[PDB]
Amino acid sequence: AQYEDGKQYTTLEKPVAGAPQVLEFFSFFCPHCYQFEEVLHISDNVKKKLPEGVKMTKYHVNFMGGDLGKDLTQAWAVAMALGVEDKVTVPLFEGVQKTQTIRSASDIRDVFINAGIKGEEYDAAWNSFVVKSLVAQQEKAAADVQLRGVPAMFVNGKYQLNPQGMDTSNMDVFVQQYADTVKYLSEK
């Protein structure tokens with residue numbers, strides 16, 4: 001076939017019932033994740049090729065960067081609750097990997113302030129039980145798939161993208177193969 005299990009994707013030995021349709025995992029400490037966001041724009045190109053009726057989910061993980069890694073998972077919960085993902089994603093990536101100006105929870109907080117989220121609003125969210133349960137959801141989703149590596153994408157809790165098996169000669173061709181694979185898997 002043109003799309004082969006173990007080639008552009010792998011199948012989960014134990015499928016995850018009720019899982020989000022398109023589920024992506026990342027870390028602000030993860031170098032290919034930085035590429036996926038800034039240079040390749042994977043999430044957005046997947047969206048553009050996904051059918052109608054499909055929701056896309058993106059979660060942060062704890063297993064990179066120790067204590068700061070966990071702060072970042074809570075901060076991403078804050079971003080999701082406030083709906084400000086598209087305003088903090090880039091400065092968070094750059095603060096961690098490019099400028100290395102993010103070293104504490106206060107520095108994460110500065111990124112939200114500079115993006116125009118108000119201190120009051122940020123701290124209330126940070127401390128809210130809605131963010132607590134949002135952190136729980138991120139952890140549970142990752143736990144459900146025994147996740148030990150990022151970036152990662154899962155389709156319908158059954159299939160996991162395998163970018164290792166795609167030509168990286170051309171970044172544009174790579175992104176399209178990736179997106180086309182998500183679509184194929186979506187329709188499966």
# chains A, B, ... in the order shown; residues from 1 in each chain; ligands from 1

$ select_by_dssp --residues "stretch 88-164 of chain A" --states "strand (DSSP E or B)" --output "list in words"
residues 152, 153, 154, 155, 159, 160 and 161 of chain A

$ residues_around --residues "stretch 67-83 of chain A" --least-positions-apart "5" --cutoff "6 Å" --atoms "only C-alpha atoms" --output "ChimeraX atom specification"
/A:60,62,125-126,131,134-135

$ write_last_selection --atoms "N, CA, C and O atoms" --output "JSON list (two decimals), in the first residue's frame"
[["chain", "number", "residue", "atom", "x", "y", "z"],
["A", 60, "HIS", "N", 0.94, 20.11, 26.50],
["A", 60, "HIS", "CA", 2.32, 20.16, 26.98],
["A", 60, "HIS", "C", 2.60, 18.93, 27.85],
["A", 60, "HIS", "O", 1.68, 18.31, 28.36],
["A", 62, "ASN", "N", 5.29, 16.95, 30.90],
["A", 62, "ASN", "CA", 6.14, 17.20, 32.06],
["A", 62, "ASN", "C", 7.55, 16.64, 31.94],
["A", 62, "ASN", "O", 8.46, 17.14, 32.61],
["A", 125, "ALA", "N", -6.06, 32.68, 37.07],
["A", 125, "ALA", "CA", -6.05, 31.48, 36.25],
["A", 125, "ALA", "C", -5.04, 30.47, 36.79],
["A", 125, "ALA", "O", -5.41, 29.32, 37.10],
["A", 126, "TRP", "N", -3.77, 30.91, 36.92],
["A", 126, "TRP", "CA", -2.70, 30.04, 37.43],
["A", 126, "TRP", "C", -3.12, 29.26, 38.68],
["A", 126, "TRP", "O", -2.81, 28.08, 38.80],
["A", 131, "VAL", "N", -7.80, 25.42, 35.88],
["A", 131, "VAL", "CA", -6.46, 25.13, 35.36],
["A", 131, "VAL", "C", -5.89, 23.83, 35.93],
["A", 131, "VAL", "O", -5.28, 23.05, 35.20],
["A", 134, "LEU", "N", -7.31, 21.10, 34.03],
["A", 134, "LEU", "CA", -6.74, 21.19, 32.68],
["A", 134, "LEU", "C", -5.33, 20.58, 32.65],
["A", 134, "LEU", "O", -4.95, 19.96, 31.67],
["A", 135, "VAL", "N", -4.56, 20.79, 33.72],
["A", 135, "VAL", "CA", -3.27, 20.11, 33.92],
["A", 135, "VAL", "C", -3.44, 18.58, 34.02],
["A", 135, "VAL", "O", -2.67, 17.81, 33.45]]

$ residues_around --residues "residue A:119" --least-positions-apart "6" --cutoff "10 Å" --atoms "only C-alpha atoms" --output "VMD selection string"
chain A and resid 109 to 110 112 to 113 125

$ residues_around --residues "stretch 36-42 of chain A" --least-positions-apart "3" --cutoff "9 Å" --atoms "only C-alpha atoms" --output "ChimeraX atom specification"
/A:31-33,45-47,89-90,93,151,171-172,174-176,178-179

$ write_last_selection --atoms "N, CA and C atoms" --output "PDB file, in the first residue's frame"
ATOM      1  N   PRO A  31      13.406  20.477  20.999  1.00  0.00           N
ATOM      2  CA  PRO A  31      13.966  21.133  19.813  1.00  0.00           C
ATOM      3  C   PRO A  31      13.198  20.848  18.528  1.00  0.00           C
ATOM      4  N   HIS A  32      12.740  19.624  18.268  1.00  0.00           N
ATOM      5  CA  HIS A  32      11.955  19.417  17.039  1.00  0.00           C
ATOM      6  C   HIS A  32      10.595  20.071  17.172  1.00  0.00           C
ATOM      7  N   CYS A  33      10.144  20.256  18.415  1.00  0.00           N
ATOM      8  CA  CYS A  33       8.892  20.965  18.659  1.00  0.00           C
ATOM      9  C   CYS A  33       9.015  22.422  18.256  1.00  0.00           C
ATOM     10  N   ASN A  45      -0.789  23.523   9.159  1.00  0.00           N
ATOM     11  CA  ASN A  45      -0.913  22.849   7.877  1.00  0.00           C
ATOM     12  C   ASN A  45      -1.745  21.582   7.945  1.00  0.00           C
ATOM     13  N   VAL A  46      -1.743  20.943   9.108  1.00  0.00           N
ATOM     14  CA  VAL A  46      -2.640  19.825   9.341  1.00  0.00           C
ATOM     15  C   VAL A  46      -4.082  20.328   9.320  1.00  0.00           C
ATOM     16  N   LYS A  47      -4.354  21.390  10.076  1.00  0.00           N
ATOM     17  CA  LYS A  47      -5.680  22.006  10.089  1.00  0.00           C
ATOM     18  C   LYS A  47      -6.226  22.243   8.686  1.00  0.00           C
ATOM     19  N   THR A  89       2.792  31.168  22.440  1.00  0.00           N
ATOM     20  CA  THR A  89       3.547  29.999  21.984  1.00  0.00           C
ATOM     21  C   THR A  89       4.929  30.384  21.496  1.00  0.00           C
ATOM     22  N   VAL A  90       4.998  31.352  20.602  1.00  0.00           N
ATOM     23  CA  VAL A  90       6.297  31.789  20.096  1.00  0.00           C
ATOM     24  C   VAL A  90       7.238  32.376  21.184  1.00  0.00           C
ATOM     25  N   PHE A  93       8.548  29.500  23.388  1.00  0.00           N
ATOM     26  CA  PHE A  93       9.594  28.756  22.688  1.00  0.00           C
ATOM     27  C   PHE A  93      10.928  29.523  22.637  1.00  0.00           C
ATOM     28  N   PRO A 151       8.154  15.722  19.525  1.00  0.00           N
ATOM     29  CA  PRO A 151       6.731  15.959  19.272  1.00  0.00           C
ATOM     30  C   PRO A 151       5.992  14.664  18.961  1.00  0.00           C
ATOM     31  N   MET A 171      11.694  20.767   3.303  1.00  0.00           N
ATOM     32  CA  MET A 171      10.791  20.942   4.429  1.00  0.00           C
ATOM     33  C   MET A 171       9.310  21.076   4.050  1.00  0.00           C
ATOM     34  N   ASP A 172       9.036  21.582   2.857  1.00  0.00           N
ATOM     35  CA  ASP A 172       7.662  21.779   2.430  1.00  0.00           C
ATOM     36  C   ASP A 172       7.022  20.431   2.079  1.00  0.00           C
ATOM     37  N   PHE A 174       7.973  17.581   3.268  1.00  0.00           N
ATOM     38  CA  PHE A 174       7.794  16.900   4.557  1.00  0.00           C
ATOM     39  C   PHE A 174       6.493  17.263   5.265  1.00  0.00           C
ATOM     40  N   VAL A 175       6.216  18.557   5.360  1.00  0.00           N
ATOM     41  CA  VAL A 175       5.002  19.034   6.020  1.00  0.00           C
ATOM     42  C   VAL A 175       3.745  18.485   5.328  1.00  0.00           C
ATOM     43  N   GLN A 176       3.726  18.524   4.005  1.00  0.00           N
ATOM     44  CA  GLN A 176       2.578  18.008   3.246  1.00  0.00           C
ATOM     45  C   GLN A 176       2.385  16.511   3.386  1.00  0.00           C
ATOM     46  N   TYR A 178       3.249  14.818   5.960  1.00  0.00           N
ATOM     47  CA  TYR A 178       2.780  14.728   7.330  1.00  0.00           C
ATOM     48  C   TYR A 178       1.294  15.036   7.399  1.00  0.00           C
ATOM     49  N   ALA A 179       0.904  16.178   6.836  1.00  0.00           N
ATOM     50  CA  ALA A 179      -0.487  16.613   6.868  1.00  0.00           C
ATOM     51  C   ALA A 179      -1.381  15.621   6.109  1.00  0.00           C
TER      52      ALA A 179
END

$ closest_atom_pairs --of "stretch 118-168 of chain A" --to "stretch 7-15 of chain A" --cutoff "12 Å" --atoms "only C-alpha atoms" --output "CSV"
residue,atom,partner,partner_atom,distance
A:144,CA,A:15,CA,9.0
A:145,CA,A:12,CA,8.0
A:146,CA,A:12,CA,10.1
A:147,CA,A:12,CA,11.4
A:152,CA,A:9,CA,10.9
A:153,CA,A:9,CA,9.7
A:154,CA,A:12,CA,9.2
A:155,CA,A:11,CA,9.8
A:156,CA,A:15,CA,8.6
A:157,CA,A:15,CA,5.8
A:158,CA,A:15,CA,5.0
A:159,CA,A:11,CA,4.7
A:160,CA,A:10,CA,5.3
A:161,CA,A:9,CA,4.4
A:162,CA,A:9,CA,4.5
A:163,CA,A:8,CA,6.5
A:164,CA,A:8,CA,7.8
A:165,CA,A:8,CA,5.4
A:166,CA,A:8,CA,6.6
A:167,CA,A:8,CA,10.4

$ write_last_selection --atoms "C-alpha atoms" --output "mmCIF file, in the first residue's frame"
data_model
loop_
_atom_site.group_PDB
_atom_site.id
_atom_site.type_symbol
_atom_site.label_atom_id
_atom_site.label_comp_id
_atom_site.auth_asym_id
_atom_site.auth_seq_id
_atom_site.Cartn_x
_atom_site.Cartn_y
_atom_site.Cartn_z
ATOM 1 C CA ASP A 144 -3.020 6.993 28.217
ATOM 2 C CA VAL A 145 -0.476 6.555 25.396
ATOM 3 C CA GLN A 146 2.625 5.810 27.467
ATOM 4 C CA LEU A 147 4.248 8.917 26.010
ATOM 5 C CA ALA A 152 3.959 13.399 18.918
ATOM 6 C CA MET A 153 0.657 13.279 17.164
ATOM 7 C CA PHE A 154 -2.111 10.710 17.664
ATOM 8 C CA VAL A 155 -5.194 10.309 15.494
ATOM 9 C CA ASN A 156 -8.440 9.043 17.109
ATOM 10 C CA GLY A 157 -6.434 7.493 19.921
ATOM 11 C CA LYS A 158 -5.411 4.735 17.535
ATOM 12 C CA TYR A 159 -2.646 5.923 15.220
ATOM 13 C CA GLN A 160 0.651 7.682 15.923
ATOM 14 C CA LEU A 161 2.437 9.737 13.275
ATOM 15 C CA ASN A 162 5.905 8.558 12.411
ATOM 16 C CA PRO A 163 7.895 11.465 10.877
ATOM 17 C CA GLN A 164 11.098 9.407 10.903
ATOM 18 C CA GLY A 165 9.668 7.617 7.868
ATOM 19 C CA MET A 166 9.167 10.704 5.638
ATOM 20 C CA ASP A 167 11.671 12.481 3.303
#

$ closest_residue --among "A:27, A:2, A:99, A:177" --to "residue A:58" --atoms "only C-alpha atoms"
A:27

$ atom_distance --atom1 "atom CA of residue A:25" --atom2 "atom CA of residue A:1"
27.9 Å

$ closest_residue --among "A:122, A:3, A:29, A:34" --to "residue A:65" --atoms "only C-alpha atoms"
A:29
